[PDB]
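Enquirer: This one's experimental. Sequence and coordinates below.
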2 protein chains.
Amino acid sequence: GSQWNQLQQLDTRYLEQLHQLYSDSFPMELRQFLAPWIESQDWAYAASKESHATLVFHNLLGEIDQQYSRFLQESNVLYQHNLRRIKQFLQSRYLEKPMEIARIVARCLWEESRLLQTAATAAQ
Amino acid sequence: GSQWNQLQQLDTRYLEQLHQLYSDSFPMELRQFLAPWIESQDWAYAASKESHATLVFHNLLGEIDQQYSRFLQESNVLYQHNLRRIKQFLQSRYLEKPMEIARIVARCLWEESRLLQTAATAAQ
Ligand code: NI
């Protein structure tokens, strides 16, 4: 989950591009809260076949539920309200199209790398 | 402490209502990142005079840019992302009618005090 760490140290003139990579399907809250879990899997691979996307999506929902219990401890009402919304949004839209949500995540991670490659080679 | 914290430390039964209260009217992100400032404002008055509402509004935005300023150097991209969502939300929906948000936020706080009382009276 170091990729999210790098992105947090992005140069001030790249953040707006970073803020735009996320969306209601893949909120930035999700990208951070489960960054470890997210970076553990090959998303391009999970998006290649329906079988892989179906399982990944099933577990994403599990990780979101596991985090819901986490912020429930912290009394992080805010983040309980967010994950609650996020989970409901993901279910109604991707429970019959797990490949679609997989593509989105895959695309975002590719974009984060592509963005980092710009800032990285921007040291000349 | 703030009235927001007192609400966070509420029974799981009271939270459901706390969440239903911020489903539409205004983002709980705002209610939380600016709880101190939000609570230190006469919204009932700001709701009756348009010019005052515009000025309280201008101030709310100012407070946002202040935090956004800090979070920018602390490299807390997720917090910046929340603030950014608040501005776009306020900019499009209340810049041309600040008195509206003035009423909404006024109401919400009125509804929060109710939760604090029902919860307090439940201490018997
Ligand atoms: Ni000004």
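Expert: Noted; the coordinates are in hand. Numbers count the residues shown, from 1 in each chain, chains lettered A, B, ... in the order given.

Enquirer: what's near enough to touch the residue nearest the centre of chain A?
Expert: Nearest to the mean C-alpha position of chain A, counting by CA atoms, centre = their mean, stands residue A:31 at 3.4 Å. Applying CB atoms under 8 Å, 6 or more residues apart in numbering or on different chains to residue A:31 gives the contacts A:4, A:22, A:38, A:108. Just so you know, the C-beta spots here come from the backbone N, C-alpha and C atoms, and that holds for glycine as well.

Enquirer: and the third one, what helix or strand is that in?
Expert: So the one you mean is residue A:38. helix A:35-40 (DSSP states H and E).

Enquirer: Can you name the next helix or strand after that helix?
Expert: Criterion used, DSSP H and E; the element after helix A:35-40 is helix A:43-46.

Enquirer: who does that following helix touch, helix- and strand-wise?
Expert: helix A:50-73, helix A:98-120 (3 or more CB pairs under 8 Å, 6 or more residues apart in numbering or on different chains; DSSP states H and E).

Enquirer: what's the angle from the helix or strand following the longest one to helix A:98-120?
Expert: In other words, helix A:50-73. Where DSSP H and E defines the elements, the next helix or strand beyond helix A:50-73 is helix A:77-94. Interaxial angle of helix A:77-94 relative to helix A:98-120 (axes from the mean of the first three to the mean of the last three CA atoms, to 10 degrees): 120 degrees.

Enquirer: mind saving the C-alpha coords of helix A:77-94 as PDB?
Expert: Taking C-alpha atoms only, helix A:77-94 is exported to PDB below (Å, rounded to 0.1, in the frame of the first residue of the first chain):
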ATOM      1  CA  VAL A  77     -19.600   8.700  12.600                       C
ATOM      2  CA  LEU A  78     -18.400  10.500   9.500                       C
ATOM      3  CA  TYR A  79     -16.600   7.500   8.000                       C
ATOM      4  CA  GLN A  80     -19.400   5.200   9.100                       C
ATOM      5  CA  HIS A  81     -21.700   7.500   7.100                       C
ATOM      6  CA  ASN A  82     -19.400   7.400   4.100                       C
ATOM      7  CA  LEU A  83     -18.800   3.700   3.900                       C
ATOM      8  CA  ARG A  84     -22.500   3.200   4.500                       C
ATOM      9  CA  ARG A  85     -23.200   5.300   1.400                       C
ATOM     10  CA  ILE A  86     -20.300   3.800  -0.600                       C
ATOM     11  CA  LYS A  87     -21.400   0.300   0.000                       C
ATOM     12  CA  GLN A  88     -25.000   1.000  -1.000                       C
ATOM     13  CA  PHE A  89     -23.800   2.800  -4.100                       C
ATOM     14  CA  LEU A  90     -21.500  -0.100  -5.100                       C
ATOM     15  CA  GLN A  91     -24.200  -2.700  -4.600                       C
ATOM     16  CA  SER A  92     -26.900  -1.100  -6.700                       C
ATOM     17  CA  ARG A  93     -24.500  -0.500  -9.600                       C
ATOM     18  CA  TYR A  94     -22.000  -3.300  -9.700                       C
END
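
Enquirer: Please see if it touches chain B.
Expert: Yes - contact of helix A:77-94 with chain B (CB under 8 Å from any CB of the partner chain) involves A:77, A:78, A:80, A:81, A:82, A:84.

Enquirer: Quick check: the gap between residue A:56 and residue A:29.
Expert: 19 Å (CB to CB, to the nearest Å).

Enquirer: nope, residue A:39 is what I meant
Expert: 16 Å.

Enquirer: Export the helices and strands packed on helix A:43-46 to CSV and append columns for mean neighbour count.
Expert: Putting the helices and strands packed on helix A:43-46 into CSV (neighbours: other CB atoms under 10 Å in any protein chain shown) gives the following:
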stretch, mean neighbour count
helix A:50-73, 16
helix A:98-120, 17
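
Enquirer: correct me, but residue A:32 touches residue B:78?
Expert: Yes - counting by CB atoms under 8 Å, residue A:32 does reach residue B:78; the two are 5.2 Å apart.
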